[PDB]
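Chemist: The following block contains the structure, expressed as structure tokens.
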Amino acid sequence: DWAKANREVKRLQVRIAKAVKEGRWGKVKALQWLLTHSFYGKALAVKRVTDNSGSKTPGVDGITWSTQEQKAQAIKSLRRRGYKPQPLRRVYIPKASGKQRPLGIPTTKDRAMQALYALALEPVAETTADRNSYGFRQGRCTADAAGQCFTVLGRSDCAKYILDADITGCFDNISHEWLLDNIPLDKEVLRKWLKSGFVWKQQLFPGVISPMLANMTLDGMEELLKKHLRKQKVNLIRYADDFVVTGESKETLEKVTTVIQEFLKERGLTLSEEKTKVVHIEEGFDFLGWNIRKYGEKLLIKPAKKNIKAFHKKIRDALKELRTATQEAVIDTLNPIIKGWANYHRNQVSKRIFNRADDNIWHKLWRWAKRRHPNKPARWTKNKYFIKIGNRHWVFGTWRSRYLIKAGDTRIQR
RNA sequence: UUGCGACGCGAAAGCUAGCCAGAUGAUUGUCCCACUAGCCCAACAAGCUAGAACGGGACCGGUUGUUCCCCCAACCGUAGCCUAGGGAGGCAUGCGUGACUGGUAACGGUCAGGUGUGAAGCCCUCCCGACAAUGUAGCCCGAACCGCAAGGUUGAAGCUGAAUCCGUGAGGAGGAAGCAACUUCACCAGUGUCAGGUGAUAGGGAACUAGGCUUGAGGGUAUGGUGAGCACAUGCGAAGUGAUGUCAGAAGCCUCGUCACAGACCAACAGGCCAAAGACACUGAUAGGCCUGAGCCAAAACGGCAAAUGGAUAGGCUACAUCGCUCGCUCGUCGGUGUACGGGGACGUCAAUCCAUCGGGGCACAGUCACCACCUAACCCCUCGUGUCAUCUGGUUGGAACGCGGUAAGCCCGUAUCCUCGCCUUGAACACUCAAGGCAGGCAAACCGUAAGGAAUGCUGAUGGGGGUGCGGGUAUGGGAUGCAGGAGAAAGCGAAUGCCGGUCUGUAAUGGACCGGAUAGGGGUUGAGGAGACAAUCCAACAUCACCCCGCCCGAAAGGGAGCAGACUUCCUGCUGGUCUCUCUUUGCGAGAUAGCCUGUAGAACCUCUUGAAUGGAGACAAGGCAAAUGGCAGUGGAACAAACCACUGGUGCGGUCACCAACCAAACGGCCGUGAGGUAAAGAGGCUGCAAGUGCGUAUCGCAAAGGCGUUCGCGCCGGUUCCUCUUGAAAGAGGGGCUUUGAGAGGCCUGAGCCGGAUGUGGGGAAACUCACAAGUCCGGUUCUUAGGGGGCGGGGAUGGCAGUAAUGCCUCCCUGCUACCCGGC
DNA sequence: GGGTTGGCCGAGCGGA
Ligand SMILES: [Mg+2]
Ligand SMILES: [Mg+2]
Ligand SMILES: [Mg+2]
Ligand SMILES: [Mg+2]
Ligand SMILES: [Mg+2]
Ligand SMILES: [Mg+2]
Ligand SMILES: [Mg+2]
Ligand SMILES: [Mg+2]
Ligand SMILES: [Mg+2]
Ligand SMILES: [Mg+2]
Ligand SMILES: [Mg+2]
Ligand SMILES: [Mg+2]
Ligand SMILES: [Mg+2]
Ligand SMILES: [Mg+2]
Ligand SMILES: [Mg+2]
Ligand SMILES: [Mg+2]
Ligand SMILES: [Mg+2]
Ligand SMILES: [Mg+2]
Ligand SMILES: [Mg+2]
Ligand SMILES: [Mg+2]
Ligand SMILES: [Mg+2]
Ligand SMILES: [Mg+2]
Ligand SMILES: [Mg+2]
Ligand SMILES: [Mg+2]
Ligand SMILES: [Mg+2]
Ligand SMILES: [Mg+2]
Ligand SMILES: [Mg+2]
Ligand SMILES: [Mg+2]
Ligand SMILES: [Mg+2]
Ligand SMILES: [Mg+2]
Ligand SMILES: [Mg+2]
Ligand SMILES: [Mg+2]
Ligand code: NA
């Protein structure tokens with residue numbers, strides 16, 4: 001099946017996008033209508049449901065037996081006409097960073113319809129979106145937001161004034177009428193969705209279809225900031241909801257404040273007064289964990305000290321849990337944490353920050369090894385827990401050698 | 001489950017505490033006199049010894065008084081003893097292992113030799129003994145060239161040290177002879193050589209570690225301690241007061257300075273220098289090398305200035321306190337602080353050395369800070385006194401984990417005695433009949449299991465098994481954690497108590513203490529303990545908690561076993577019990593909250609059927625920000641040369657809108673209007689049936705959480721919390737604000753293990769001068785307390801599952817569950 | 001503005 005079921009869907013996605021590169025929204029709505037009423041679209045929809053850890057919804061359906069795939073997909077073969085979405089189930093997943101962050105879970109049939117119209121929406125939200133919008137799109141990392149911050153703010157390639165903005169309104173605070181007016185999908189399905197209390201009201205508009213909506217609602221910013229015409233003055237860089245704007249002066253960024261607040265005025269959104277601030281590089285703004293400053297005609301994207309303190313909080317808590325552990329288990333928990341904070345900051349100025357990070361986790365590991373055996377000397381723990389692994393002594397681990405990854409040895413790529 | 005630890009006793013023996021009294025040694029540099037000793041052997045004295053004998057004078061050495069010098073002052077002394085520490089024996093004991101032996105068995109006794117332990121409650125003698133082990137973060141060494149390996153030559157931090165010389169002497173000056181680790185790297189302004197130097201390191205060394213007592217008593221005095229442990233919203237508790245803090249973390253500490261680890265380093269880059277920078281050559285004039293810097297001056301190149309903001313200082317094997325990035329307590333070296341530390345002189349002081357306030361990181365076995373009450377007196381001050389310290393001896397009161405004692409109910413074994421006793425299948429004969437065999441059961445264990453124990457095999461299989469009782473032999477063994485009550489048995493104690501039971505007074509939070517009263521044992525005979533008696537002649541006496549025989553009574557049939565109050569400790573049996581936690585359902589709070597159905601309108605061009613009627617059926621091009629009830633698992637073109645597989649490219653599927661059709665049906669023009677064809681043909685309405693829209697179902701099925709109250713009360717409420725939901729904020733388990741509530745039951749099921757702490761009575765050791773602290777199973781014992789829900793594995797007995805193997809079958813056997821026991825092992829304290 | 005390696009004082013009694 002799936003050796004062609006992805007293929008026909010993706011070809012028809014290509015045809016939707018080729019429709020939107022000319023006007024032809026009749027062609028677009030025809031191919032959306034057709035792809036939604038395709039067997040392959042429905043089969044893909046139930047695969048995307050079954051591969052996201054389905055659990056108890058209100059309208060409980062199963063996942064298993066490899067026939068309820070065919071049962072449910074023939075069920076939504078009919079189901080466009082009498083489709084009534086049932087409301088959500090208020091499910092708390094206990095995040096390991098502070099709460100049980102709530103996440104309203106739809107019905108499996110409702111999330112299958114969401115996956116259907118998600119593969120309908122995607123090739124329109126590719127082409128009609130921005131070109132400096134990096135949130136939640138295809139093929140785009142948050143590192144590319146830093147790359148756009150680089151080739152915007154480089155060797156005097158801006159003029160030193162940047163607006164650090166952010167958008168209020170927690171939920172999909174968008175006026176429902178605006179969504180129903182201009183979104184390239186069938187207004188009856190979206191009409192039934194927005195009535196239903198669509199996503200549970202602790203949602204932060206960054207459940208598959210809601211990023212497609214929250215990208216489509218924020219795609220006029222780049223065009224309406226080509227109302228200003230200078231050389232490299234206005235550049236907008238936006239990751240999913242958190243954007244910063246460039247400029248050349250304090251009052252022209254206030255033109256940009258009034259412009260963007262008129263833009264979001266039509267929708268249900270307002271920029272804040274707190275989180276919005278104008279700032280002069282070099283005084284720095286925080287953007288996706290990376291501090292951007294200048295430090296005297298350098299650029300120096302550095303990972304900010306609120307993305308370092310969060311990483312030390314993660315390792316501090318990983319060892320406050322493993323307080324009586326085995327040494328190889330301590331390597332096993334602490335090693336992908338450091339590798340994930342390595343591959344994420346490996347394109348920026350981070351090597352100095354990596355040596356300070358390995359320093360601080362080393363002191364945590366030393367306090368680990370010394371709190372292990374209280375009344376026992378120090379040369380014992382140094383040669384029992386730490387290995388001369390090379391030129392380096394003090395390399396934590398045991399055993400072919402099992403040992404932590406020094407984040408400082410992770411080879412920053414230009 | 002920790003080497004032992006329970007309980008009574010100290011009859012006796014040996015450790016041990018308090019007190020009393022004696023004896024002995026000692027009371028710690030040298031000399032001179034003072035006093036006394038062997039002192040006139042002439043009481044003169046010149047001369048001999050010892051001196052807490054507690055005197056004075058003059059001197060030696062050491063340490064402190066901040067490096068060196070010269071004074072001065074205080075303190076210490078080469079003596080005796082004790083301990084830590086080391087060595088060597090015996091001795092005792094724990095666990096094994098073989099050899100022998102008792103006994104019917106259960107179970108023992110004895111030697112050997114293998115390994116432990118001998119102690120903070122628990123071995124004896126001897127020797128070395130304040131010298132040493134032992135340790136170390138700072139300091140010092142850790143070379144210098146001959147050269148075959150490093151062999152030697154020398155050096156060498158340093159150790160030890162004679163000869164000599166001075167002084168009455170303590171001592172002072174020299175250091176011959178001897179001993180001694182020295183191993184491996186890196187940097188020097190390119191490379192190589194040679195010279196001249198610096199920094200890690202194996203080890204070595206210095207330094208300390210390396211003790212204590214030898215003058216007491218009172219009074220004042222704290223820099224020295226204590227005032228529980230826990231939780232915290234409230235508190236429990238006999239056990240200060242009040243703040244403040246709990247993981248987005250107080251106090252303390254390690255770092256570091258706004259880009260906030262090594263006041264880092266190397267590379268890059270930028271600015272400057274230099275002529276290969278100690279020489280001798282090679283190479284390079286510019287990247288050739290070096291300096292400085294994510295700040296600045298520099299420049300022959302000596303290096304300096306500020307380093308977030310202020311601020312301080314000279315010289316420490318000094319003493320005390322703290323700290324060196326977090327368990328408590330005692331220590332060793334080294335380093336930083338803070339307080340205290342005579343007179344003069346010389347040398348000369350400051351380096352990013354240190355402190356303080358902010359600020360960035362961190363570190364977390366939860367305390368901290370202030371006050372109050374009380375304790376102790378080292379030091380100092382004051383008063384009084386002449387001793388003090390160690391050991392041994394004797395007395396006396398005590399104690400114990402050391403020494404002694406107790407078999408009895410439990411269990412095992414033997415003995416006599418009463419009761420019970422199979423099961424199958426076949427040949428069954430006279431019908432119970434009986435056989436033959438296997439089972440079930442009784443005994444050995446080869447072998448396995450560290451271990452609980454099990455099992456091959458063999459042995460027996462009513463000639464034998466099992467249960468009950470009465471005896472006899474053996475062995476029961478030692479932990480506070482949930483009490484209590486009853487029974488079996490009950491050591492020591494008492495023929496009148498140390499116990500018991502009443503009574504009186506009194507103390508603690510609780511255990512307690514003193515005193516008065518009361519009960520409490522069949523007989524005889526015997527040995528004849530032991531005292532009597534002028535005596536050994538009397539030659540006794542019955543109790544010596546009763547040594548041994550018969551009757552009174554019980555029990556048993558017998559042998560006999562028993563029988564007065566308490567009756568400790570360990571056991572065994574029976575009953576009633578406690579606490580807390582996990583899971584499931586229930587009920588209530590907060591939030592969410594539907595589909596099917598029922599109903600009222602709406603739409604159906606893209607859903608059907610039917611009735612209809614200018615009112616039908618099948619198909620093309622063009623478009624398409626209008627819509628939809630099968631749909632793109634569709635079709636076409638091309639690549640394969642069209643062909644077989646696969647791959648590129650195109651497609652709006654339908655309704656609607658416009659041109660444009662094909663089938664099927666005709667208004668008008670037309671000879672009495674019989675006939676004709678050029679020409680015209682797109683609705684409405686009823687049934688279901690799907691959707692929509694509201695309502696009812698319904699605050700319901702169901703889902704996510706949660707069940708926590710206290711205090712003031714002025715009775716209205718308020719504050720502190722808890723719980724659910726919403727909103728702001730934060731990277732974040734933090735916070736801010738708001739709404740509600742402030743709240744029930746049952747079910748089975750775990751589990752009894754530990755941490756301590758306080759008081760009292762006793763012991764021991766480290767620290768301390770002492771209070772007091774840290775430990776000895778919470779020291780132990782009793783008493784009072786909170787807290788932890790209290791760990792895995794394995795085995796044996798019973799009832800089932802009970803699928804198979806073996807099976808004529810009895811049934812066992814590998815596999816599951818329920819249930820009883822188990823210290824049987826590895827934790828753990 | 002990338003590239004390397006540091007950190008370790010010992011004894012003893014008793015515990016979370
Ligand atoms: Mg005695
Ligand atoms: Mg004497
Ligand atoms: Mg002197
Ligand atoms: Mg002086
Ligand atoms: Mg010996
Ligand atoms: Mg001495
Ligand atoms: Mg050296
Ligand atoms: Mg050498
Ligand atoms: Mg050394
Ligand atoms: Mg000495
Ligand atoms: Mg005081
Ligand atoms: Mg500083
Ligand atoms: Mg800086
Ligand atoms: Mg500097
Ligand atoms: Mg000194
Ligand atoms: Mg006093
Ligand atoms: Mg006693
Ligand atoms: Mg005892
Ligand atoms: Mg006991
Ligand atoms: Mg025991
Ligand atoms: Mg008790
Ligand atoms: Mg009893
Ligand atoms: Mg007795
Ligand atoms: Mg009496
Ligand atoms: Mg009484
Ligand atoms: Mg009761
Ligand atoms: Mg009940
Ligand atoms: Mg005591
Ligand atoms: Mg002990
Ligand atoms: Mg006690
Ligand atoms: Mg313990
Ligand atoms: Mg203990
Ligand atoms: Na426990």
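So you can find residues: chains in the structure tokens are A, B, ... in the order shown, residues in each start at 1, and ligands are numbered from 1 in order.
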Give me the residues near residue 217 (chain A) as a list in words, where near means some atom within 10 Å (using only C-alpha atoms (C1' of nucleotides)) and where sequence neighbours in that chain fewer than 5 positions away do not count.

Modeler: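 My list of contacting residues is residues 129, 174, 178, 179, 182, 183, 211, 212, 264 and 267 of chain A.
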
Chemist: Which residues are close to region 71-87 of chain B, i.e. within 6 Å by only C-alpha atoms (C1' of nucleotides), leaving aside same-chain residues fewer than 6 positions away? Reply as a PyMOL selection string.

Modeler: chain B and resi 26+28-29+390

Chemist: Closest to ligand 26 among B:269, B:484, B:19, B:382, using only C-alpha atoms (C1' of nucleotides) and all ligand atoms?

Modeler: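 Of B:269, B:484, B:19, B:382, the one nearest ligand 26 is B:484, counting only C-alpha atoms (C1' of nucleotides) and all ligand atoms.
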
Chemist: For chain A, which residues have at least one atom within 8 Å of chain C, if we go by only C-alpha atoms (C1' of nucleotides)? Write them as a ChimeraX atom specification, please.

Modeler: /A:300,349,351,377-379,382,391-392,412

Chemist: Using only C-alpha atoms (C1' of nucleotides) and a distance of at most 8 Å, pull out the residues of chain A that contact chain B, as a PyMOL selection string.

Modeler: chain A and resi 8+23-27+30-31+34-35+37-40+58+81-82+86-87+89-92+97-99+295+306-307+309-310+356+359-360

Chemist: Would you write out those residues with C-alpha atoms, as an mmCIF file, in the first residue's frame?

Modeler:
```
data_model
loop_
_atom_site.group_PDB
_atom_site.id
_atom_site.type_symbol
_atom_site.label_atom_id
_atom_site.label_comp_id
_atom_site.auth_asym_id
_atom_site.auth_seq_id
_atom_site.Cartn_x
_atom_site.Cartn_y
_atom_site.Cartn_z
ATOM 1 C CA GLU A 8 -0.055 9.845 -5.124
ATOM 2 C CA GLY A 23 -4.357 32.504 -9.524
ATOM 3 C CA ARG A 24 -6.786 29.611 -10.154
ATOM 4 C CA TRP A 25 -8.245 29.088 -6.699
ATOM 5 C CA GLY A 26 -10.982 27.136 -8.448
ATOM 6 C CA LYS A 27 -8.275 24.660 -9.432
ATOM 7 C CA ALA A 30 -11.078 21.384 -6.916
ATOM 8 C CA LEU A 31 -7.860 19.573 -6.040
ATOM 9 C CA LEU A 34 -10.529 15.727 -4.827
ATOM 10 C CA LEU A 35 -7.653 14.867 -2.476
ATOM 11 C CA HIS A 37 -12.247 12.502 -1.432
ATOM 12 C CA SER A 38 -9.385 10.168 -2.311
ATOM 13 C CA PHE A 39 -8.700 6.728 -0.829
ATOM 14 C CA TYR A 40 -4.998 7.488 -0.490
ATOM 15 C CA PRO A 58 -14.372 10.593 24.065
ATOM 16 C CA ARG A 81 -21.525 15.335 5.028
ATOM 17 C CA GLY A 82 -22.768 14.275 8.433
ATOM 18 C CA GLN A 86 -17.335 15.825 19.189
ATOM 19 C CA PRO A 87 -15.682 18.055 21.802
ATOM 20 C CA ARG A 89 -10.986 15.498 26.267
ATOM 21 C CA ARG A 90 -8.937 17.554 28.697
ATOM 22 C CA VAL A 91 -5.762 15.530 29.060
ATOM 23 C CA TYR A 92 -2.767 16.497 31.160
ATOM 24 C CA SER A 97 9.920 21.190 33.128
ATOM 25 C CA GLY A 98 7.365 22.467 35.637
ATOM 26 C CA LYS A 99 3.721 21.407 35.227
ATOM 27 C CA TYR A 295 30.255 43.592 20.915
ATOM 28 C CA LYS A 306 18.492 31.742 29.892
ATOM 29 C CA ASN A 307 19.244 28.870 27.548
ATOM 30 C CA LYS A 309 20.507 28.059 32.939
ATOM 31 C CA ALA A 310 17.792 25.795 31.532
ATOM 32 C CA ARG A 356 32.037 26.625 30.696
ATOM 33 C CA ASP A 359 33.174 22.810 33.593
ATOM 34 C CA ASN A 360 29.911 23.107 35.419
#
```

Chemist: Kindly provide the residues of chain B that approach ligand 1 to within 9 Å, each paired with its closest atom pair and their distance in Å to one decimal, based on only C-alpha atoms (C1' of nucleotides) and all ligand atoms, listed by chain and increasing number, as a tab-separated table.

Modeler:
```
residue	atom	partner	partner_atom_place_in_ligand_line	distance
B:10	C1'	ligand 1	1 (Mg)	4.0
B:11	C1'	ligand 1	1 (Mg)	7.7
B:12	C1'	ligand 1	1 (Mg)	6.8
B:13	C1'	ligand 1	1 (Mg)	8.5
```

Chemist: Which chains and residue numbers are within 8 Å of ligand 16, counting only C-alpha atoms (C1' of nucleotides) and all ligand atoms, if I want them as number ranges by chain?

Modeler: B: 220, 376-377

Chemist: Could you take the residues named above and write them with N, CA, C and O atoms (P, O5', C5', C4', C3', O3' and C1' of nucleotides), as a PDB file, in the first residue's frame?

Modeler:
```pdb
ATOM      1  P     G B 220      30.614  32.617  93.103  1.00  0.00           P
ATOM      2  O5'   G B 220      31.221  33.725  92.144  1.00  0.00           O
ATOM      3  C5'   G B 220      30.842  35.076  92.315  1.00  0.00           C
ATOM      4  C4'   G B 220      31.760  36.027  91.594  1.00  0.00           C
ATOM      5  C3'   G B 220      31.791  35.936  90.083  1.00  0.00           C
ATOM      6  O3'   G B 220      30.692  36.577  89.472  1.00  0.00           O
ATOM      7  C1'   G B 220      33.984  36.158  90.918  1.00  0.00           C
ATOM      8  P     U B 376      28.180  24.543  87.989  1.00  0.00           P
ATOM      9  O5'   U B 376      29.550  24.504  87.206  1.00  0.00           O
ATOM     10  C5'   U B 376      30.180  23.269  86.948  1.00  0.00           C
ATOM     11  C4'   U B 376      31.081  23.386  85.761  1.00  0.00           C
ATOM     12  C3'   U B 376      32.331  24.210  85.967  1.00  0.00           C
ATOM     13  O3'   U B 376      33.368  23.533  86.642  1.00  0.00           O
ATOM     14  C1'   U B 376      31.265  24.905  83.997  1.00  0.00           C
ATOM     15  P     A B 377      34.159  24.290  87.812  1.00  0.00           P
ATOM     16  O5'   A B 377      35.166  25.236  87.033  1.00  0.00           O
ATOM     17  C5'   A B 377      36.022  24.714  86.026  1.00  0.00           C
ATOM     18  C4'   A B 377      36.926  25.763  85.432  1.00  0.00           C
ATOM     19  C3'   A B 377      37.800  26.509  86.422  1.00  0.00           C
ATOM     20  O3'   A B 377      39.053  26.776  85.825  1.00  0.00           O
ATOM     21  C1'   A B 377      36.443  28.042  85.251  1.00  0.00           C
TER      22        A B 377
END
```

Chemist: Write down as a ChimeraX atom specification the residues belonging to region 18-246 of chain A that are assigned strand (DSSP E or B) by DSSP computed on the backbone.

Modeler: /A:89-93,101-105,133,162-164,167,236-239,242-246

Chemist: Selection from above, C-alpha atoms, as a PDB file, in the first residue's frame, can you write it?

Modeler:
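Output file again-v4.pdb follows:
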```pdb
ATOM      1  CA  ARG A  89     -10.986  15.498  26.267  1.00  0.00           C
ATOM      2  CA  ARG A  90      -8.937  17.554  28.697  1.00  0.00           C
ATOM      3  CA  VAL A  91      -5.762  15.530  29.060  1.00  0.00           C
ATOM      4  CA  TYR A  92      -2.767  16.497  31.160  1.00  0.00           C
ATOM      5  CA  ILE A  93       0.608  15.198  30.038  1.00  0.00           C
ATOM      6  CA  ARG A 101       0.994  20.964  30.560  1.00  0.00           C
ATOM      7  CA  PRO A 102      -2.570  20.347  29.363  1.00  0.00           C
ATOM      8  CA  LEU A 103      -3.265  19.188  25.847  1.00  0.00           C
ATOM      9  CA  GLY A 104      -6.875  18.697  24.829  1.00  0.00           C
ATOM     10  CA  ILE A 105      -7.170  15.446  22.892  1.00  0.00           C
ATOM     11  CA  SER A 133       8.982  32.752   8.308  1.00  0.00           C
ATOM     12  CA  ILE A 162      15.916  46.006  16.360  1.00  0.00           C
ATOM     13  CA  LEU A 163      12.424  45.564  17.757  1.00  0.00           C
ATOM     14  CA  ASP A 164      11.997  42.538  20.000  1.00  0.00           C
ATOM     15  CA  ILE A 167       2.173  38.445  20.394  1.00  0.00           C
ATOM     16  CA  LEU A 236      11.453  40.653   9.416  1.00  0.00           C
ATOM     17  CA  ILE A 237      12.552  37.365  10.916  1.00  0.00           C
ATOM     18  CA  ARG A 238       9.769  35.320  12.450  1.00  0.00           C
ATOM     19  CA  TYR A 239       9.798  31.970  14.127  1.00  0.00           C
ATOM     20  CA  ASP A 242       8.116  35.106  18.211  1.00  0.00           C
ATOM     21  CA  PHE A 243       9.428  37.608  15.707  1.00  0.00           C
ATOM     22  CA  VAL A 244      11.927  40.434  15.756  1.00  0.00           C
ATOM     23  CA  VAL A 245      12.037  43.262  13.214  1.00  0.00           C
ATOM     24  CA  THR A 246      15.049  45.201  11.988  1.00  0.00           C
TER      25      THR A 246
END
```

Chemist: As a list in words, please: every protein or nucleic acid residue near ligand 25 (cut-off 8 Å, counting only C-alpha atoms (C1' of nucleotides) and all ligand atoms).

Modeler: residues 501, 502 and 503 of chain B

Chemist: As a ChimeraX atom specification, please: all residues of region 188-308 of chain A that backbone DSSP puts in helix (DSSP H, G or I).

Modeler: /A:188-195,210-216,221-224,252-266,305-308

Chemist: Write as a list in words the residues around ligand 27, taking 10 Å as the cut-off and counting only C-alpha atoms (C1' of nucleotides) and all ligand atoms.

Modeler: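 Using only C-alpha atoms (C1' of nucleotides) and all ligand atoms, I find these residues within 10 Å of ligand 27: residues 745, 746 and 747 of chain B.
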
Chemist: Just N, CA, C and O atoms (P, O5', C5', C4', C3', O3' and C1' of nucleotides) for this one: save the residues we selected as a PDB file, in the first residue's frame.

Modeler:
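Wrote selection_35.pdb, looks like this:
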```
ATOM      1  P     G B 745     -16.992   9.047  56.587  1.00  0.00           P
ATOM      2  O5'   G B 745     -17.691   7.806  55.873  1.00  0.00           O
ATOM      3  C5'   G B 745     -17.018   6.563  55.744  1.00  0.00           C
ATOM      4  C4'   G B 745     -17.847   5.569  54.972  1.00  0.00           C
ATOM      5  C3'   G B 745     -17.272   4.164  54.867  1.00  0.00           C
ATOM      6  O3'   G B 745     -17.586   3.349  55.976  1.00  0.00           O
ATOM      7  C1'   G B 745     -17.881   4.910  52.723  1.00  0.00           C
ATOM      8  P     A B 746     -16.539   2.243  56.461  1.00  0.00           P
ATOM      9  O5'   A B 746     -16.582   1.146  55.309  1.00  0.00           O
ATOM     10  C5'   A B 746     -17.600   0.161  55.293  1.00  0.00           C
ATOM     11  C4'   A B 746     -17.681  -0.539  53.963  1.00  0.00           C
ATOM     12  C3'   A B 746     -16.550  -1.493  53.612  1.00  0.00           C
ATOM     13  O3'   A B 746     -16.621  -2.760  54.236  1.00  0.00           O
ATOM     14  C1'   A B 746     -16.946  -0.104  51.785  1.00  0.00           C
ATOM     15  P     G B 747     -15.265  -3.574  54.527  1.00  0.00           P
ATOM     16  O5'   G B 747     -14.824  -4.127  53.115  1.00  0.00           O
ATOM     17  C5'   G B 747     -15.659  -5.000  52.386  1.00  0.00           C
ATOM     18  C4'   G B 747     -15.086  -5.228  51.018  1.00  0.00           C
ATOM     19  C3'   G B 747     -13.731  -5.896  51.002  1.00  0.00           C
ATOM     20  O3'   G B 747     -13.800  -7.296  51.182  1.00  0.00           O
ATOM     21  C1'   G B 747     -13.664  -4.026  49.599  1.00  0.00           C
TER      22        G B 747
END
```

Chemist: Taking only C-alpha atoms (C1' of nucleotides) and all ligand atoms into account, which residues are within 10 Å of ligand 11, as a list in words?

Modeler: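 With only C-alpha atoms (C1' of nucleotides) and all ligand atoms and a cut-off of 10 Å, ligand 11 is contacted by residues 222, 223, 224 and 225 of chain B.
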
Chemist: Around ligand 22, at most 9 Å away and counting only C-alpha atoms (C1' of nucleotides) and all ligand atoms, which residues are there? Put them as a list in words, please.

Modeler: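 Those within range of ligand 22 are residues 486, 487 and 488 of chain B.
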
Chemist: Taking N, CA, C and O atoms (P, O5', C5', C4', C3', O3' and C1' of nucleotides) for each residue, export the selection above as a PDB file, in the first residue's frame.

Modeler:
```pdb
ATOM      1  P     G B 486      -3.509 -13.076  83.652  1.00  0.00           P
ATOM      2  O5'   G B 486      -3.973 -14.467  83.037  1.00  0.00           O
ATOM      3  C5'   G B 486      -5.269 -14.957  83.317  1.00  0.00           C
ATOM      4  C4'   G B 486      -5.583 -16.196  82.531  1.00  0.00           C
ATOM      5  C3'   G B 486      -4.636 -17.359  82.706  1.00  0.00           C
ATOM      6  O3'   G B 486      -4.835 -18.066  83.912  1.00  0.00           O
ATOM      7  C1'   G B 486      -5.113 -17.085  80.429  1.00  0.00           C
ATOM      8  P     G B 487      -3.569 -18.597  84.734  1.00  0.00           P
ATOM      9  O5'   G B 487      -3.151 -19.921  83.964  1.00  0.00           O
ATOM     10  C5'   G B 487      -4.004 -21.048  83.981  1.00  0.00           C
ATOM     11  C4'   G B 487      -3.699 -21.997  82.854  1.00  0.00           C
ATOM     12  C3'   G B 487      -2.386 -22.747  82.932  1.00  0.00           C
ATOM     13  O3'   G B 487      -2.428 -23.848  83.816  1.00  0.00           O
ATOM     14  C1'   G B 487      -2.712 -21.942  80.744  1.00  0.00           C
ATOM     15  P     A B 488      -1.095 -24.325  84.567  1.00  0.00           P
ATOM     16  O5'   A B 488      -0.219 -24.982  83.420  1.00  0.00           O
ATOM     17  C5'   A B 488      -0.615 -26.205  82.827  1.00  0.00           C
ATOM     18  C4'   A B 488       0.483 -26.780  81.975  1.00  0.00           C
ATOM     19  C3'   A B 488       1.848 -26.822  82.632  1.00  0.00           C
ATOM     20  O3'   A B 488       2.014 -28.011  83.379  1.00  0.00           O
ATOM     21  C1'   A B 488       2.024 -25.871  80.479  1.00  0.00           C
TER      22        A B 488
END
```

Chemist: Residues contacting ligand 33 - anything with an atom at most 7 Å away, using only C-alpha atoms (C1' of nucleotides) and all ligand atoms - can you give me those as a VMD selection string?

Modeler: chain B and resid 753 to 754 788 to 790

Chemist: Rounded to one decimal, what separation in Å do you get between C1' of residue 236 (chain B) and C1' of residue 784 (chain B)?

Modeler: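 Straight-line distance from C1' of residue 236 (chain B) to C1' of residue 784 (chain B) works out to 12.9 Å.
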
Chemist: Around ligand 9, which protein and nucleic acid residues have at least one atom no more than 10 Å from it, if we count only C-alpha atoms (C1' of nucleotides) and all ligand atoms? List them as a VMD selection string.

Modeler: chain B and resid 136 142 201 to 205

Chemist: If we count only C-alpha atoms (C1' of nucleotides) and set the cut-off at 9 Å, which residues sit around residue 796 (chain B), ignoring sequence neighbours fewer than 5 positions away in its own chain? Please answer as number ranges by chain.

Modeler: B: 452-453, 821-822
